[PDB]
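Report on one structure; see the data block that follows.
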Amino acid sequence: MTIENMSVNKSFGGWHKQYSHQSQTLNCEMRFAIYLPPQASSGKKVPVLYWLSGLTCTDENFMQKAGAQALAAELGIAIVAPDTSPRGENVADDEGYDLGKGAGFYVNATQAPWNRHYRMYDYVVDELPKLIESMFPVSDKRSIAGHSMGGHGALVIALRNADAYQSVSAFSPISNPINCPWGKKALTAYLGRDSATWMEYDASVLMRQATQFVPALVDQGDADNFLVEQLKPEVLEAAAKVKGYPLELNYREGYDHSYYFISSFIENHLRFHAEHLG
Amino acid sequence: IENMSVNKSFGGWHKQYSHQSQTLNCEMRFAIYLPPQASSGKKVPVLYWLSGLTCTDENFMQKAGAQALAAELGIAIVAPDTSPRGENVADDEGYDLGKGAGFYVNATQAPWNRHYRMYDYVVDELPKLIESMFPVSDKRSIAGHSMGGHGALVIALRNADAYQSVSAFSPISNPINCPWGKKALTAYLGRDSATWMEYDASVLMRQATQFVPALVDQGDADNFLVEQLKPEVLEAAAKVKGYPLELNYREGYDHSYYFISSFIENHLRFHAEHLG
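For the record, the sequence lines run as chains B and A.
Numbered by the authors' numbering, the letters in the first sequence go through residues 1 to 278 in order.
Numbered by the authors' numbering, the letters in the second sequence go through residues 3 to 278 in order.
Have a look at this one:
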């Protein structure tokens with residue numbers, strides 16, 4: 001498992017770093033970003049928040065635009081931002097913004113040609129966390145969060161792995177991918193048509209049958225253009241009523257889908273995770 | 003004027019406007035952050051932010067994380083573009099000349115004198131436009147990065163009564179004596195240095211009679227520090243007449259918005275103090 005620094009920018013007394021490594025799970029070369037807070041350099045091992053980004057994103061978007069480093073440094077949380085898909089000339093793609101590169105939908109693809117590289121689930125749950133721990137001053141305590149496609153992945157991963165994560169939050173998540181266009185196209189391509197394996201990757205289906213509980217916080221913009229068609233936050237609200245799952249879901253009046261929304265509430269999300277990580 | 007886009011941000015509004023500039027003879031884009039207090043009937047003061055080479059109005063708005071403390075302190079922020087834009091506008095495919103590279107001067111040389119009056123745009127046309135179209139007071143400060151830092155200090159030093167305070171991140175301190183500055187000044191104003199002296203932060207500061215409170219942060223691991231930015235000349239220029247310049251070298255900090263973001267809070271509080 002070969003890894004090399006690509007970049008370093010000091011940030012609020014700590015360090016934003018990009019690395020490339022050879023991913024065995026994704027069978028390709030991957031870029032991720034880490035933010036280490038000032039308390040990482042002062043002997044203390046810090047908790048980690050994994051951040052999953054949405055369609056079209058790389059690791060750069062969150063790190064540059066979310067404004068999270070300031071409160072990560074004050075609270076003492078490492079942030080890890082993976083990429084959104086395998087990358088490389090051998091990696092299956094689709095010209096569509098909503099399928100392929102930038103669009104791995106945090107699943108383990110079983111169908112060809114996707115099954116050659118698209119194991120973004122295994123990468124985020126298994127490989128990346130073991131690589132981070134062996135390399136950086138991070139504790140065993142981890143949480144997960146993300147935006148849109150990334151909110152889908154964060155919720156799915158936390159609901160399937162409740163022992164391994166202390167908390168989960170999401171902005172504008174794809175709540176019910178088995179019944180929305182983005183969801184249907186990508187789960188069709190990667191898992192096969194209709195296919196019961198879809199139910200392993202749908203937050204609102206999983207939250208209904210859920211046993212062990214992970215505290216969940218969800219922020220949704222009122223003025224988000226994808227609210228009705230893609231995101232379906234009200235299906236996640238209804239999923240939580242079945243078992244009494246610990247979901248807090250907030251509708252923010254006038255907020256859109258953008259990093260201007262995310263940046264506006266990332267503090268609150270960071271305090272919520274610091275609470276459960278502490 | 004036309005509102006191109008709008009995004010709620012920290013209880014207020016990030017907005018992109020395009021308008022037709024008479025001073026630049028082209029279609030211009032600027033961005034404004036209006037804090038919550040703007041929609042509470044109180045006229046807010048304005049910080050103008052000038053960006054560096056290759057930037058639009060989007061870089062500072064998306065990367066600096068200034069909205070949280072602007073919303074807290076009640077400051078409106080205006081980010082002009084860094085040059086004229088449009089296929090009617092003269093360009094050079096060099097990154098350090100023409101589009102994205104205005105150097106905040108009034109060009110007198112062809113082909114540049116038709117479009118490249120970014121000094122006039124920032125000092126006259128844009129503020130008259132902000133004050134007529136937005137609930138803002140006539141109180142303003144100016145700040146910038148690199149080329150924008152050069153632009154901020156030069157504008158403040160030459161318009162001392164118009165600006166309450168000035169700050170900069172990694173300014174081009176002494177443009178008459180760096181490659182970026184000579185190339186742009188030669189192209190925009192011609193080869194005779196006598197016309198450059200009015201566009202050099204260090205030269206103006208050394209002769210300054212009227213003080214505008216000044217704060218500068220410089221990352222000491224900045225790849226442009228030695229060749230282009232020359233902060234040491236701005237320190238030396240402040241010693242001559244006792245200019246109120248606070249200048250910090252920040253250990254390990256680079257040129258990027260990771261540096262700017264790390265200290266933008268100190269800058270917003272500096273400007274709040276002087277705007278109030």
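All residues carry an ideal CB built from backbone N, CA and C; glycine is no exception.
Cβ atoms of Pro82 of chain A and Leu131 of chain A stay farther apart than 8 angstroms, at about 10 angstroms. Chain-ordered, the chain A residues with CB closer than 9 angstroms to the CB of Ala70 of chain B read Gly67, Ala70, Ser263, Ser264, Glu267. Looking at A:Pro38, A:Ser53, A:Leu52, the one whose alpha-carbon comes closest to that of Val46 of chain A is A:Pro38. If only complete runs of 4 or more residues are kept, the stretch 205-273 of chain B shows the alpha helix (DSSP H) at 233-243, in order along the chain. Against chain A, the CB of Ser143 of chain B has no partner CB under 8 angstroms away; the residue lies outside that interface.
The beta carbons of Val125 of chain B and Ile174 of chain B sit no closer together than 8 angstroms. Residues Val125 of the same chain have their beta carbon placed closer than 7 angstroms to that of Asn161 of chain A, with the five preceding and five following residues left out of the count.
Counting only residues of its own chain and dropping the five nearest sequence neighbours on each side, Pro177 of chain A has a CB closer than 8 angstroms to the CB of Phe105, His152, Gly183, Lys184, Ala186, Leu187, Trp198, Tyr201, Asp202, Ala203. Looking at the DSSP output, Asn9 of chain B shares a beta bridge with B:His16. Looking only at B:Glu275, B:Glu4, B:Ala72, B:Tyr259, the smallest Cα-Cα distance to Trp15 of chain B is reached by B:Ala72. The residues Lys17, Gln18, in chain order, have a CB closer than 7 angstroms to that of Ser7 of chain B in the same chain once the five nearest residues on each side in sequence are set aside. Between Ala145 of chain A and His269 of chain A, the CB-CB gap stays under 8 angstroms. Taking C-beta separations shorter than 6 angstroms and ignoring five residues to either side along the sequence, the partners of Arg208 of chain A in its chain run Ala239, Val242, following chain order.
Interface annotation for the stretch 218-245 of chain A against chain B: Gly221, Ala223, criterion Cβ-Cβ distance under 9 angstroms.
Contact check for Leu217 of chain B against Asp224 of chain B fails: the beta carbons are separated by 8 angstroms or more. The three-state secondary structure of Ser41 of chain A, taken from DSSP, is helix. Here DSSP, grouped into helix, strand and coil, assigns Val138 of chain B to strand. Listed along the chain, the chain B residues whose CB falls inside 8 angstroms of the CB of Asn176 of chain A amount to none; the nearest CB is some 25 angstroms away.
Per DSSP, reduced to three states, the secondary structure at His147 of chain B is strand.
Neighbours of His117 of chain A in chain B, taken as residues at a C-beta separation under 9 angstroms, are lacking, since the least C-beta distance is about 30 angstroms. Burial is judged here by how many other beta carbons sit within 10 angstroms of a residue's own beta carbon; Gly67 of chain B has at least 16 and is buried. Here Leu36 of chain B is not near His273 of chain B, since their CB atoms are 8 angstroms or more apart. By the neighbour-count criterion, in which 16 or more other beta carbons inside 10 Å mark a residue as buried, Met135 of chain A falls on the exposed side.
Excluding five sequence positions before and after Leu206 of chain B, the CB atoms of its chain that fall closer than 6 angstroms to its own CB belong to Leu159, given in chain order. Of the candidates A:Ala170, A:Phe171, A:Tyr259, A:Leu155, A:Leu155 places its Cα closest to the Cα of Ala164 of chain A.
Note that the C-beta distance between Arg252 of chain A and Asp219 of chain A is below 8 angstroms. For the stretch 100-125 of chain B, no residue has a beta-carbon sitting nearer than 8 angstroms to a beta-carbon of chain A. Listed along the chain, the chain B residues whose CB falls inside 9 angstroms of the CB of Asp256 of chain A are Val8, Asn9, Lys10.
By the beta-carbon neighbour count (other beta carbons within 10 angstroms, threshold 16), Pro246 of chain B is exposed.
Uninterrupted beta strand (DSSP E) stretches at least 3 residues long and entirely within the stretch 23-86 of chain A occur at 28-36, 46-52, 78-81, given in chain order. Taking 8 angstroms as the cut-off between beta carbons, the residues of the stretch 15-37 of chain B near chain A are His16, in sequence order. With a contact defined as Cβ atoms closer than 8 angstroms, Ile77 of chain A and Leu277 of chain A qualify at about 7 angstroms. Out of A:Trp114, A:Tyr259, A:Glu133, the CA that lies nearest to the CA of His147 of chain A is found in A:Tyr259. Annotation for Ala186 of chain B: the continuous alpha helix (DSSP H) segment containing it runs 181-191.
In this structure, the beta-carbon distance from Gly102 of chain B to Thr56 of chain B falls below 8 angstroms. Within chain B, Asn9, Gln64 have C-beta atoms less than 9 angstroms from the C-beta of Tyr259 of chain A, given in sequence order.
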